[PDB]
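Student: Here is the input, now give the coordinates:
(3 chains, ligands or ions: 3)
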Amino acid sequence: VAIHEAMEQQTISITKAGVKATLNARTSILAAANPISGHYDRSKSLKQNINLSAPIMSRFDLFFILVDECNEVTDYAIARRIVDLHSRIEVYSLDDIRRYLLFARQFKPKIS
Amino acid sequence: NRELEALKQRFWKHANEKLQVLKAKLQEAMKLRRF
Amino acid sequence: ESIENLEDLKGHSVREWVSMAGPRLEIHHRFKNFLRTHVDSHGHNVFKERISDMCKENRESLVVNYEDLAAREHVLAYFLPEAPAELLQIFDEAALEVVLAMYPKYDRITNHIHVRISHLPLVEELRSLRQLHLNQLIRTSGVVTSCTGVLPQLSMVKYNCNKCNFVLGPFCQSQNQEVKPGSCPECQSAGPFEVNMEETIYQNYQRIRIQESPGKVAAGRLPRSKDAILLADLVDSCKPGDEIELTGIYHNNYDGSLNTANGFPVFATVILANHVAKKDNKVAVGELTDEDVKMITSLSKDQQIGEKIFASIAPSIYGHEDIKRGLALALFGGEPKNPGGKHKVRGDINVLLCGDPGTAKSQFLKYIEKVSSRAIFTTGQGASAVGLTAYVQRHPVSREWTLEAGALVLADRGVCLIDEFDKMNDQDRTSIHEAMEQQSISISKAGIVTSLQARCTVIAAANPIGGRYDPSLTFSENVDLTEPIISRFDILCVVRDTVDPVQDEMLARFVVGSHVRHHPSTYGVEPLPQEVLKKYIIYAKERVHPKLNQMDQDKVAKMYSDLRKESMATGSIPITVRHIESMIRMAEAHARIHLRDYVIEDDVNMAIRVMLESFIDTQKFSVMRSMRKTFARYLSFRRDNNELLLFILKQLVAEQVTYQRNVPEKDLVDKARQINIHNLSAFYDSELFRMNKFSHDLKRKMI
Ligand SMILES: Nc1ncnc2c1ncn2[C@@H]1O[C@H](COP(=O)(O)OP(=O)(O)NP(=O)(O)O)[C@@H](O)[C@H]1O
Ligand SMILES: [Mg+2]
Ligand SMILES: [Zn+2]
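Tutor: Numbering: from 1, shown residues only, chains lettered A, B, ... in the order given. Ligands and ions are numbered 1, 2, ... in the order given. Dropping the coordinates below:
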């Protein structure tokens, strides 16, 4: 229930015994969800797949669907990526991306 | 380096302990009064 | 006599300098001149007006703005944060003998006047206070957590000698230690002494604890706090839970308890207060100026004032004109009354915003929180029954049970905003019944048996069952609330996000326009500025009290009766008297919006319209046509009455032309004030007299 206020109004308004507080939650949320019955049923809509209520679903700016296909080449590619990455450990580095992201977030684009 | 300076200019366009500041900017006005 | 000087150059320290007689007298004269010659941007002598408004109410306290003290007298602004106690004493004396020049008999009312400094620019975060700020004037903000009672503190104490009748002369009491005589000058007996309780002069004292506001920086960290001392008239300037803004001298003294606690020579600190504002009560009727009253009362003359006020609520929201109207009526509010001195009925108006997601209901509540003073905001599971009403606790130091204010008691003459109201628990939601109707909160707990005042307007927002409102069902059939809680809401509002591509285009263009307009960098009437609206609301809620003398009793009774008849067949609940009194309150609120001292037929028509449109909104979509026809034809959807005034004008012109052949605007309005058609302005802004070639002019008065 409190997620409703936090997602949109970016605040959490507690009013209980001994404390009244409108707390700040200026936060971007990256949610990960499990569909009902484990497998994502393509015949059913996404609303039918998950139990999230319509007010909650309206909060999210983007919904993405990851479905486990039975593809042989995809399985081989996943296994290869895991194994060769694990063996490798011994375009841009994460520090460069951090610096660019912090630099880029200072821009406030207008709307033409 | 002109384009890098232009990027700095764009960054500064979007860019948008104080008792001593107050005293200095006020002492300017008092200097004007004396003059 | 002591000669005038350039003040800013000296070899002494600032405190020593302003303590010396010459510069003290010069400072005194400068502040006197500043009070008697400062002017507004428009040229109004500010402090004559402020002193008159002080001496009328006997407030014995003069508020001065630093941001123009610095403009007028530079060196006074220079010395003030550096030597505040001394300069404020000098200011007090100068202000006193200015006030005794303006009102010579005011010494009968008070012998001393305090100068209170406001808008001090050297604001400080509460945890950022350091030794660098000691004995200097600071400004801080925080929530008041604790307050002592108002206590008498010694200020000028005379001691009776321990062995004889003599009174040892006045000692000026300090905030650091209890001043004492030592031994008597008439006979050198010594040690203990008796205070002369009658001749000793006392002053009001109140010690408060303030800490950082919970949402400011305390992101899971514990908040820092400071003690502050309020003296004389500053007592009762704040209560626990108040988001105050405090100006005061950061003062320190030796404390042996802290020394033994820390094992170091650590000195306790306290803020000697000099001004207390509140960051939610940004405007108050005690601070309104004559120019503010004048421009408010000029705005009320406009016939479009109702539309201007409605358009001025949440101007960044497109559409929802019915919502803005209902929120305006609740924001202004009706008139409380007690006929016979034995039967109370509330004046406040309650609103409920039901509807589907993405319709700015929570945004409306946030706007009301921002615009209205003494407002609070809470949400769903975040609220509790006990926190909403009131809570009983072991007192922190006494450890005896004490009652404490909840939400509806802290908003006792403001607005309590309850977002996502459908999602509360039932035990939490049912707690507000007494507060919503009887406007009291009665507690019988732990030996406390008392009733607190909760004269609060509750504005709530909710979703229907399943989130999405379905027009196939009535309001009662899909809201999930019960009749006792529904009927306590005077105004029911339904918002639906139904598709309509032209309206969607207009709404989307307005939303994009708001996003580009507010970059950091249905209205048709233009709003008021929000500062003007805050002044207008706070003026109208105190300086205006609409009376009721006649409202067309049979019309309202017939309306209510067949409203009950139609409601019996469908799904919203006009419980008997609450809807009648809702209409009375809304008529009083509309009169308050127009600054009317007495309720008129137009206000009653507006209240009837609001009630009926809300009731029609609660019907099934198929039933709205028949219901709307039923109420619209008979029950006073009084849109306009141009035809009577058209033929009155034509009759008067026919008689006048016949008289001429064998000031007509005065002739028109004479018959219009005789017949009950008094709102003639609609006739002049309507095309009926225009295509009959009539026209008007306020100067010539020919038509
Ligand atoms: N007519 C409108 N004009 C401008 N903004 C709007 C309008 N309708 C919705 N919005 C925006 O929609 C967003 C969500 O507002 P919000 O008040 O949370 O909706 P809501 O009615 O509370 N939905 P919900 O919380 O699920 O019941 C805000 O950014 C609003 O400004
Ligand atoms: Mg909401
Ligand atoms: Zn004696």
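Student: Please make it C-alpha for all contacts and neighbour counts, starting now.
Tutor: Will do.
Student: helix, strand or coil for the closest residue to residue C:473 other than its chain neighbours?
Tutor: Spatial nearest neighbour of residue C:473, excluding adjacent residues (C-alpha to C-alpha, 6 or more residues apart in numbering or on different chains): residue C:620 at 5.3 Å. Under DSSP: H, G, I helix; E, B strand; the rest coil, residue C:620 falls in the coil class.
Student: So what's the residue count around residue C:620?
Tutor: Look at residue C:620: counted by other C-alpha atoms under 10 Å in any protein chain shown, it has 19 neighbours.
Student: tell me the contacts of residue C:425?
Tutor: When contacts are counted by C-alpha atoms under 8 Å, 6 or more residues apart in numbering or on different chains, residue C:425 touches C:380-381.
Student: Look up how far residue A:63 lies from the residue nearest to the spatial centre of chain A.
Tutor: With distances taken as C-alpha atoms, centre = their mean, the residue of chain A nearest its centroid is residue A:30 (2.3 Å). Distance of residue A:30 to residue A:63, computed by C-alpha to C-alpha, to the nearest Å: 10 Å.
Student: The residue sitting furthest away from the middle of chain A and ligand 1, how far apart?
Tutor: Distance from the C-alpha centroid of chain A, by C-alpha atoms, centre = their mean, peaks at residue A:18 (34.7 Å). As judged by C-alpha to the nearest ligand atom, to the nearest Å, residue A:18 and ligand 1 stand 27 Å apart.
Student: is it true that that residue touches residue C:387?
Tutor: Yes. Using C-alpha atoms under 8 Å, residue A:18 is in contact with residue C:387, at 7.5 Å.
Student: pretty sure the residue nearest to the centre of chain A belongs to a helix, no?
Tutor: No. Looking at residue A:30 with three-state DSSP, it is coil, so not inside a helix.
Student: so the nearest residue to residue C:3 once chain neighbours are set aside is in which element?
Tutor: Nearest non-adjacent residue to residue C:3, counting by C-alpha to C-alpha, 6+ apart: residue C:22, 6.9 Å away. Residue C:22 is part of helix C:21-37, with elements assigned from DSSP states H and E.
Student: The helix or strand following that helix relative to helix C:21-37, how many degrees between them?
Tutor: Once helix C:21-37 ends, the next helix or strand along the chain (criterion: DSSP H and E) is helix C:46-57. Relative orientation of helix C:46-57 versus helix C:21-37 (axes from the mean of the first three to the mean of the last three C-alpha atoms, to 10 degrees): 80 degrees.
Student: Closest approach to chain B from chain A, which residue is it?
Tutor: residue A:107 (5.8 Å; C-alpha to the nearest C-alpha).
Student: Would you agree that residue is in contact with residue B:11?
Tutor: Yes. Counting by C-alpha under 8 Å, residue B:11 is a contact partner of residue A:107 at 6.7 Å.
Student: tell me which element residue C:640 is part of?
Tutor: Judged by DSSP H and E, residue C:640 forms part of no helix or strand.
Student: Just give the nearest non-adjacent residue to it, would you?
Tutor: Using C-alpha to C-alpha, 6+ apart, the nearest residue to residue C:640 is residue C:682, at 7.4 Å.
Student: Now for that neighbour, how many residues are close by?
Tutor: Counted with other C-alpha under 10 Å, residue C:682 comes out at 13.
Student: Work out for me the element it sits within.
Tutor: helix C:681-684.
Student: what comes into contact with that helix?
Tutor: By C-alpha under 8 Å, 6+ apart, helix C:681-684 touches C:303, C:640-642, C:645-646, C:689, C:695-696.
Student: The residue in chain A positioned nearest to chain C - how many residues pack around it?
Tutor: Closest approach between chain A and chain C, counting by C-alpha to the nearest C-alpha: residue A:16, at 3.9 Å. Using other C-alpha under 10 Å, the number of residues around residue A:16 comes to 22.
Student: Tell me the backbone dihedrals of the closest residue to it other than its chain neighbours, please.
Tutor: Spatial nearest neighbour of residue A:16, chain neighbours left out: residue C:387 (3.9 Å); criterion: C-alpha to C-alpha, 6+ apart. Residue C:387 adopts backbone torsions of phi -70, psi -30, taken as degrees, to the nearest 10.
Student: What parts of chain C come near ligand 1?
Tutor: C:316-319, C:356-363, C:463, C:511 (C-alpha under 6 Å from any ligand atom).
Student: 8 Å instead, please
Tutor: Applying C-alpha under 8 Å from any ligand atom, we find that chain C lies next to ligand 1 at C:316-320, C:355-365, C:419-420, C:461-463, C:467, C:507, C:510-511, C:514.
Student: State the distance from residue C:527 to residue C:306.
Tutor: Residue C:527 is 11 Å from residue C:306, where distance means C-alpha to C-alpha.
Student: helix or strand right after the helix holding residue C:682?
Tutor: Counting by DSSP H and E, what follows helix C:681-684 is helix C:688-691.
Student: Residue C:181 reaches residue C:168, doesn't it?
Tutor: Yes. Between residue C:181 and residue C:168 there is a contact under C-alpha under 8 Å: 7.5 Å.
Student: joint contacts of those two?
Tutor: With C-alpha under 8 Å, 6+ apart as the test, residue C:181 and residue C:168 both reach residue C:159.
Student: Provide a list of residues in contact with residue 14.
Tutor: All of this refers to chain A. A:20-23, C:378-379, C:382-383.
Student: not quite, I wanted chain C
Tutor: C:79, C:82-83.
Student: can those go into a markdown table with extra columns for secondary structure and neighbour count?
Tutor: Formatted as a markdown table, the contacts of residue C:14 follow (DSSP: H, G, I helix; E, B strand; the rest coil; neighbours: other C-alpha atoms under 10 Å in any protein chain shown):
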| residue | secondary structure | neighbour count |
| --- | --- | --- |
| C:79 | helix | 20 |
| C:82 | coil | 21 |
| C:83 | coil | 21 |
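Student: measure residue C:60 to residue C:493 for me?
Tutor: Taken as C-alpha to C-alpha, the span from residue C:60 to residue C:493 is 48 Å.
Student: tell me which element residue A:92 falls in.
Tutor: Residue A:92 belongs to no helix or strand, assigned by DSSP H and E.
Student: Next, count neighbours for residue 33.
Tutor: Just going to use chain A. 9.
Student: ah, I was thinking of chain C
Tutor: 15.
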